Amino acid sequence: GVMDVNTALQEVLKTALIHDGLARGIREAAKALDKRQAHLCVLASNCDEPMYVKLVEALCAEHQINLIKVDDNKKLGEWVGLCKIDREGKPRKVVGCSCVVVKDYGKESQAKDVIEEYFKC
Amino acid sequence: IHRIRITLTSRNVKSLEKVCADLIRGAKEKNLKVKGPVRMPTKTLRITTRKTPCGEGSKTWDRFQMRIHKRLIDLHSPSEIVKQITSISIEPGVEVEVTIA
Amino acid sequence: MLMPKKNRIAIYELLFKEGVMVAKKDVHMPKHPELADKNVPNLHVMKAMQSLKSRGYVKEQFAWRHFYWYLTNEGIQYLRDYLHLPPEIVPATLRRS
Amino acid sequence: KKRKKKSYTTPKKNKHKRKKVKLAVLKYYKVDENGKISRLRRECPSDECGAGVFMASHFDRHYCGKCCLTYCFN
Amino acid sequence: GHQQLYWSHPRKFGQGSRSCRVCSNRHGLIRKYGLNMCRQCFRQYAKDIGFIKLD
């Protein structure tokens, strides 16, 4: 149990998955950024297309909100546990947004504190 | 105030008779200006039911009776005595209501 | 099954906070009897009920225009997993044995 | 009754078909001589809708659902 | 608008929806006394309440 943002981003994305979120692509992403709902975001890196990343950055700079950058972002979406539909299919999640406050209103977790530390410094 | 009424109602005769026995026993315990039971008329309702859903056979209207029987007692008595007399784990099946008008 | 999921999670949360729940089946109602002053479409919740009873997690029962749930250890455990409820909640129906 | 042979008129309808780009280009508009995104569309004071709803300029009629003001270009 | 798209039609004389509740049918309902039970179950639970026949 290493207390760092890199390992707890799996839990933060599990929360963004189960508790609303699912702001894949452009859809469902502007709600958190134009309303200042998300004061800490996670952005896909190593992208061949500057279009989506630059539009996300423009939306963030509309209020100048910082973002979390990690590598191997597809393994995160593999580990979120997105099987669902009882046990039908094995889909994957491309991106998600952490909405309303740094962490949701559900279970209090260590991930909220580690991402507070990451946003602070 | 000395205006308290009790209404008991049931479809059985012997139940009302044992309730009146309870009341006369209470009156035997102490003599009070409690009037006699008021025997309401045996109030009958008729219900009539056809049985053959589709018309096939006789018009045998099941004739059922609902005959409710009512007894009243108006009492001018201390509350404790009649409360002890009445609240004695009354018989099931007879419905008693206390009214203050 | 076409009810927006917020009502689904709300119904599941109130279900586990209360235990079992009742169901009246009719399309002509304007607003739910117990869930009044909310304007919830009944057809969607009915489809959700028949789906969860067809999915094989609460014993399906058709009882004469008025439906109830069938709570068991497996059903409670599955509801806990499906709603991701915290590992501290116990239903109020089992109070004081 | 017998089966109507429901192929002479409307055998069955299919789901709505639309052409959409994987990353939206029509909802956001560029070209306003700014290094960042510029919102040329005037914001509506009605906040009862969603945050992701983009206000559009239509030539005829209104499709909002709750307020539907009246205006034109002239 | 929305009032014609869906639910533009009430029924204020509804007996089918407000039928005998305890079983799943509309017929066999009389609105006195709050019966909400068919005649077959009316008889099946008659003597239980206290019903007797003398006519």
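Residues 17-117, in that order, are what chain B shows, numbered as in Swiss-Prot.
Cβ coordinates come from backbone N, Cα and C, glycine included.
Database features, via Swiss-Prot:
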MOD_RES   B:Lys34  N6-acetyllysine
MOD_RES   B:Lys75  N6-acetyllysine
MOD_RES   B:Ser93  phosphoserine
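Structure coloured by features recorded in Swiss-Prot.
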{"residue": "B:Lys34", "record": "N6-acetyllysine", "DSSP (3 states)": "helix"}
{"residue": "B:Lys75", "record": "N6-acetyllysine", "DSSP (3 states)": "coil"}
{"residue": "B:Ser93", "record": "phosphoserine", "DSSP (3 states)": "coil"}
Count of other CB atoms lying within 10 Å of the CB belonging to B:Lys75 (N6-acetyllysine): 8
Least buried by Cβ count (within 10 Å) of the modified residues B:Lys34, B:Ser93: B:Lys34
Rounded distance in angstrom between the Cα atoms of the residue listed as 'phosphoserine' and B:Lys34 (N6-acetyllysine): 21
Between B:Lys75 (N6-acetyllysine) and B:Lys34 (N6-acetyllysine): CA-CA distance (Å): 41
